[PDB]
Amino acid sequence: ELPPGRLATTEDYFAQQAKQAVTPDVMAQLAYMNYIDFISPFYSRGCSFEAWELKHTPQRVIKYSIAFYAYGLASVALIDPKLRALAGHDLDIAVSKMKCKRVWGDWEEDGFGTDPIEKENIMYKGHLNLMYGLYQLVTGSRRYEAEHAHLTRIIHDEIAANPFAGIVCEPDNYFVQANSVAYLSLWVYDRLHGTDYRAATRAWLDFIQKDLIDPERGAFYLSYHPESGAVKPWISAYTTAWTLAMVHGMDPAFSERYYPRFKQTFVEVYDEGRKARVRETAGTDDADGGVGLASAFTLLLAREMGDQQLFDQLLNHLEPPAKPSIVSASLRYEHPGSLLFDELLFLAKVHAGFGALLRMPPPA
């Protein structure tokens, strides 16, 4: 029923919404996130990052950690209405910390500018914009509404000005997965305000199927560089898994077309069908190369696509070697196997689908 190192069944994770209750291990993760003074990640809105120092999070990855926690908390709010207020509180803290210079300051240290939202920098500010929207869908609070409208207009105006569809992270550095976050943030703003910023999405989905995708492999190239026209000629599994998951919330048929191809290209089923692991690129047998996140993002994609078999296989690969334990009702891993480990396992366990988040029942 449960192999060593698994805490709950795949059936149990997929049934949380129908039961209106998170699993006990998800509650223990929420306790890790919230319980201990000063050192839990969601203790305070202040510019303190002790939880991330303790996990040895690299500075450039903090912005991804906060965002992926926020996306998981939005699904907790949909699963269990009794945890919606807590999830809203944690989302307020997530937005507050995301705005701290420890999180965005690499933009200035690299020489690109003193203001991280004014131009470009869509990985940072796409996540921030999606977070502002999810906070307001969950709580009904207008605390960040003026900032949200301002950043949504920046994103709209940059897309409208560019001859390619979307926005760069820096001059000649375009990433499809960073764009996927920014476009989903426009769908959320439209849900809140009755606007049509999402009308830009069709041009983007047409553009990314042109030279940014390998159609036979169902896989995006690593990056695009508009000034040279270059596409870096390696396909990327973690890039593809993230992008197809977010796109499925905006154009389900797009992701349904490429998902089986993606699986054939990258996913290695092993141990008699019990486990799976994901190769990061073509022309290798090695799993989880590059940034080391192909299997963890494919676990999120399997959840988004409703693929219980692949979800179970990947969590059987990822969770047992990391040695979970529950101490004083809080979850810890002795041997996290990647960056963003507890963040991505939490998000995949609770994820209700990006379309379900867009359609979240309005706040009491």
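From 1 onward, residues are counted along the sequence shown.
Higher mean CA B-factor, judged across 51-59 and 24-32 from the recorded values: 51-59. As listed in the deposited structure, the average C-alpha B-factor of 83-91 and of 139-147 is greater for 139-147.
For the set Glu268, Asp288, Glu108, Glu272, the PDB entry assigns the largest Cα B-factor to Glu108.
Within the selection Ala70, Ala296, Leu310, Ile326, the deposited Cα B-factor values reach their highest point at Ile326. In the deposited entry, the Cα temperature factor of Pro41 places it in the middle third of its chain's modelled residues.
Among all modelled residues in its chain, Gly292 ranks in the lowest third by Cα B-factor. Annotation for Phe164: CA B-factor lies in the highest third of the chain's modelled residues. When the modelled residues of the chain are ordered by their C-alpha B factor, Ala356 lands in the highest third.
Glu280: CA B factor in the lowest third of modelled residues in this chain (values from the PDB entry).
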